[PDB]
Structure formats: C-alpha cells, structure tokens
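Let's start with one chain on its own, the form deposited without N,1-dimethyl-1H-indole-3-carboxamide (LFO), as structure tokens.
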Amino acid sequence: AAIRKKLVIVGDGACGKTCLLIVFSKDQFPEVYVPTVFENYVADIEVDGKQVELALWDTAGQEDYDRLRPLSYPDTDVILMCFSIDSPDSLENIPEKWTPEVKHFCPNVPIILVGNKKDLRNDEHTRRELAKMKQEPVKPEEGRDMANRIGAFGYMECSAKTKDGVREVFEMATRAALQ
C-alpha cells in the first residue's frame, strides 16, 4: 500500500544534521510536535504528486561510536551525507570517513551530499574564526567537485537557520530513493 523509504543522515558532529531534520519535520502539514531525536521517525512527504513515508534516522551523538553507528545502516534507501560550509575539516571527512563507511554498509544506496549552514559562508565572525586556522568557508564548486568525486546522486546546499534549500534536500533524497 504505502511506499516507505529509510533515510539515514550522517556526517561530523555539530555539522547541522539534527537541525536539518527538525526544520524539515516542522514543515510538514498538518503541523505535528517535532521531537529532538529521530530514529525511524516517520515523515510524510509529497514529491512529484506521490505520497511517500520517509523514515528518518539521525546519527547525531553516534559519530564516534564506530561500532554502534553501523547498526542503523541495514535496508537504508537513501543517505544524506552532510558537512558544514563553515567547516572545511567536516568536508574533508566526507571522502576520508563517511564515504568509505557508507559505501561499505550501504552498497548501491544513493547519496545526497549536503552542505549545511550556507548562511555562514559570508558571515564575518565565521571568516575571522576560520582565518585563525588558515581556513575559509567551503565554496560551492568544492562541494560540487566532492559530490562528483564520491559518486553522489546529487549535491545540495541548505540552511536550517533560514530554511533555504531544506525542502529541496528532502525532495532530492526522495526521488533518489524511488529511483
């Protein structure tokens, strides 16, 4: 009857995974109370005229539990693989940590590469703090290149803070899961 797809979100601690789920889940109508933990959390989305049940799994809190975390991977239909645009170190962990893991436990599962916190790219305090480490915010082309490099289905940027791009992240994930 209903189409259910399992979505798992991964990426470094504090890169915006939980906030991204919260903003998406709060967008749903009728309005529902949204918790701060997501484990098989069912969200109903309509994409291209089709009703889909997305079962959301957040790995926040598990980023350094290398043996516990992969227990969430079986029968995943789509991966949101996140980094934060205010953290080049988070982007470097995409090929170095997250991609090998996800490809191992989720073979042939489509990956959406997601750059979070896009509102920080041109933020004065963010630039100043990063410059102390000889870094700067991630550029869009660096995100697009990484997405090609890891064989992502697509690349999206979003901000949980402004909500820009959030809907589109989940529409893209849903299409990927269906196809």
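Take the two forms, superpose them, and find the largest set of C-alpha atoms that agree within 1.5 Å; that set is the rigid core. Heads up: residue numbers just count along the shown sequence, starting at 1. Residues that one form lacks are left out of the comparison.
The same protein also exists as the form deposited with N,1-dimethyl-1H-indole-3-carboxamide (LFO) bound; that form is not shown, yet it is the one meant from here on.
Using a 4.5 angstroms threshold between heavy atoms, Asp89 stays clear of N,1-dimethyl-1H-indole-3-carboxamide (LFO) in the entry with it bound. By the criterion of a heavy atom within 4.5 Å, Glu129 is excluded from the residues contacting N,1-dimethyl-1H-indole-3-carboxamide (LFO) in the entry with it bound.
In the entry with it bound, N,1-dimethyl-1H-indole-3-carboxamide (LFO) sits within 4.5 Å of a heavy atom belonging to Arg149.
Using a 4.5 angstroms threshold between heavy atoms, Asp145 counts as touching N,1-dimethyl-1H-indole-3-carboxamide (LFO) in the entry with it bound. Scanning 64-100 for heavy atoms within 4.5 Å of N,1-dimethyl-1H-indole-3-carboxamide (LFO) in the entry with it bound gives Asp66, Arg69, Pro70, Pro100 in sequence order. Relative to the superposed rigid core, the position of the CA of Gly151 differs between this form and the one not shown by less than 2 Å. A displacement of 2 angstroms or greater separates the C-alpha positions of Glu39 between this form and the one not shown, with the rigid core held in common. Comparing the forms between this form and the one not shown, the C-alpha position of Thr126 differs by less than 2 angstroms, with the core used for superposition.
Contraction of the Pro30-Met81 CA spacing by 3 Å or more is recorded in the entry with it bound, set against this form.
Legend note: Cα of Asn116 to Cα of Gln28 is at least 3 Å closer in the entry with it bound than in the depicted form. Core-superposed comparison between this form and the one not shown: one run of at least three consecutive shared residues with Cα shifts of 2 Å or more is located, at 27-41.
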